[PDB]
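Just the one chain here, laid out as structure tokens, in the form deposited in one PDB entry.
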């Protein structure tokens, strides 16, 4: 009559949202947590893609290459609002167009 002690294993998956500030300074983009992770300082030359989500108006992503790095870092964000999303993506798309013209 041995009953065995066992654990059922259940995959959980969820999406955490961590507050940042995103600042655009000329061709630099600074992605800054308030006060533990480090601030990210990107140059427009590093951005390979920047896109407002088609499903969720408030979502956008910025993909980034760096010089000694194999992979693309893929940074997904949610803006405070659909309108702030479109502003941030447009401003970055225009900086990237301008930079790439050269």
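Residue numbers count along the first chain shown, from 1. For clarity, a rigid core is taken as the largest C-alpha set superposing within 1.5 Å between two forms.
Q: Might you work out how many residues are unmodelled in the deposited sequence between residue 35 and residue 36, and answer none, 1 to 3, 4 to 9, or 10 or more?
A: Missing in between: 4 to 9 residues.
Q: Tell me which stretch, 37 to 45 or 58 to 66, has the higher mean Cα B-factor listed in the entry.
A: Comparing averages over the C-alpha atoms only gives 37 to 45.
Q: Could you settle it for me: does 93 to 101 or 4 to 12 have the higher average Cα B factor in the PDB entry?
A: 93 to 101 has the higher mean C-alpha B-factor.
Q: Within this chain, which third does the Cα B-factor at residue 21 fall in: lowest, middle or highest?
A: According to the entry, residue 21 has a C-alpha B-factor in the chain's lowest third.
As for the form deposited in another entry, it is not shown, yet the points below apply to it.
Q: By the 2 angstroms cut-off, has the C-alpha of residue 16 moved between the shown form and the other one once the rigid core is superposed?
A: It does not reach a 2 Å shift.
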